[PDB]
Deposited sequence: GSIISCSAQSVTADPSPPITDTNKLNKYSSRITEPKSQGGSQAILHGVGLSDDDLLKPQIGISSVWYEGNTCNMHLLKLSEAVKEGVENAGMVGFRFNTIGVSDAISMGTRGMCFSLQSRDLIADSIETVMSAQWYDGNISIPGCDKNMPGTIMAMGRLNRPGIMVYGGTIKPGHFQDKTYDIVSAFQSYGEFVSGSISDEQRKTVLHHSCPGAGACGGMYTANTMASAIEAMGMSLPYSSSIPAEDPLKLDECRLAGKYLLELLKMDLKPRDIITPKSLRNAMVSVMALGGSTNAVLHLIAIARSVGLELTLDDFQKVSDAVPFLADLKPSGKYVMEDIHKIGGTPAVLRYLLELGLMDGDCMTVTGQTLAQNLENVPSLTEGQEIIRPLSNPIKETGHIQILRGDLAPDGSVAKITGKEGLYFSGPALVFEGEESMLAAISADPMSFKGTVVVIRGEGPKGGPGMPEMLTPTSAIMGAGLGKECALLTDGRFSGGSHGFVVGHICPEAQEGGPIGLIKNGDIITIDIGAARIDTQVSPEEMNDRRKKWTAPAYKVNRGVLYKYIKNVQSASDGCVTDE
């Protein structure tokens, strides 16, 4: 819990606790000369300095607008009497890289982003931070950096993309991904396929459903580290620019209070974040990212913590991918604060947690308009979509250190079938192409896709959509030490630990082993005896790492297990 990462300030009530290190001593005249050179007056040197870290880049719709938002954040910082210094990190697009080896680089970019913002804040002695992520992994990456530094900070979510519309039909990135399967199946022509591709993503913003971006944005708001409505204002909405211009005012107040990320991110605000995930049907990736965020502030968060919140919180929101609505429809019925107000009224949330407004969650939500009368997106507690949360933690013989599944309650309580084992996604997809019926009734195992084996713990969508299009949805189960993206109508488990590369039982499974998934017992078991499994283990040798240089070899050297949130700095 005693984190030692970044420099500590060189007194109370001082607003420039860190930048005074370089703006005040005569022995740092070199630093002051650079600062004059970038435009600071003598008066400016007395002011707090805010690092404004955006994740702009031009090759992704989620991120191409973030420089325009960064300009607005800087203008608000200046209007609040402080100095704004913009800088920008990298990010990668899951939508672009999905289905390719580029996806091996996606999860780790969260931790690269954390390292990047930490590096700049520490070296330049900035007093506070405003981050503008726009896309899946960007968000937890910025919060992790704020937790390590423990300097006042606010996350401004870039906002969600608007749905595409063409000829009385609604299209999104899900439409684009689905289009190829509908072409091969014969449902649509090549001409209809191309139309979907040209009208799926009309502008800037993150993916609209309850995928990782909106899950994490909502969760981070719920955790108190974004301003109210940050998660539900669309990316191109003029209110997003207004939020950007106001972050500086709110940050000034945080500096006056010295309200820091470790004052805001606590066991109870972490639970608030998890409640929001459960209630909205949020992504299983939130397990990885919330664990990493909790670790970044010196706290603990286990898989069991997620299971307890899941048991305690019903799934209430009729939102894609599980349901029919998108983040804009939440926005039109009162936004994320309206949802959280309802959950707080139900006693599911703790209102006493401090937030980046300088007030408590309860104080923020006191004044917010409630959910729109007659709305059908957020179900009553009396009529939930599921009595408990979607997220389910499975252990048992084959996942002794844990695993994560999204369970709707429609797949049944059990699946038993002979294992069909693949060393990588490629061999699985080839086998289901040549011989789809060989999959009927099996427990499909795609191993070697974990943090070290993948490497990079890639997300895989093609296995579930291939299973769906072969008519095998409820007829087989899918297990991996990596991650699955789309929903089957059957059992789909990821994050199996230990991963195959580490010699976990998943790497000892053989074709024909009878595997039994039991949701009530929360176990993925094998009919193979523990003694024969141990025999296989004694004979097992770890495969060679797939890379020997570069960022992914460093990831292999540094990354902890999926049950440990794949943190890299421990």
No C-alpha coords for deposited residues 1 to 8, 19 to 20
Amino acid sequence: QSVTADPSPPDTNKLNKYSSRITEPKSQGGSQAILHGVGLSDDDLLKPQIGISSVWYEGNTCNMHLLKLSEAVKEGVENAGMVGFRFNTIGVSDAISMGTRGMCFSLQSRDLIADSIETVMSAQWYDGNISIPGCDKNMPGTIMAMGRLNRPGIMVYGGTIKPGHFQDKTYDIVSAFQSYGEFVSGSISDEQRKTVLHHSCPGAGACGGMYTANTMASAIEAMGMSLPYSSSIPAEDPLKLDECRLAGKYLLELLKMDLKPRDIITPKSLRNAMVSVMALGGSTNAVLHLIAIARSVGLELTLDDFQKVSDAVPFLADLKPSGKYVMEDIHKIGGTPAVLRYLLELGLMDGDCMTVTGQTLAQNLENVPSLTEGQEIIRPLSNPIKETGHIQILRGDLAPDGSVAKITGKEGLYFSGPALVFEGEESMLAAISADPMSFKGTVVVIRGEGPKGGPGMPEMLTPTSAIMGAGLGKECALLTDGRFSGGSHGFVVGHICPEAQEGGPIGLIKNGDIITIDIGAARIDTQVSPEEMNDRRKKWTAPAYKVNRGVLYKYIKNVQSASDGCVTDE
From here on, numbers count along this sequence of modelled residues.
With B-factors read from the PDB entry, the higher C-alpha mean of 439 to 447 and 192 to 200 is in 192 to 200
As the entry reports it, the stretch among 413 to 421 and 324 to 332 with higher mean C-alpha B factor is 324 to 332
From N383, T89, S109, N129, the top C-alpha temperature factor is at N383
Of the residues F105, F306, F177, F484, the one whose Cα carries the largest B-factor in the deposited record is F177
Split the chain's modelled residues into thirds by Cα B-factor; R379 lands in the highest
Assert third(CA B-factor, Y545) within chain per record equals middle
Tertile call for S8 (CA temperature factor, within chain, third-based) is the middle
Assert third(CA B-factor, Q359) within chain per record equals highest
In terms of its chain's C-alpha B-factors, the third that includes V297 is the lowest
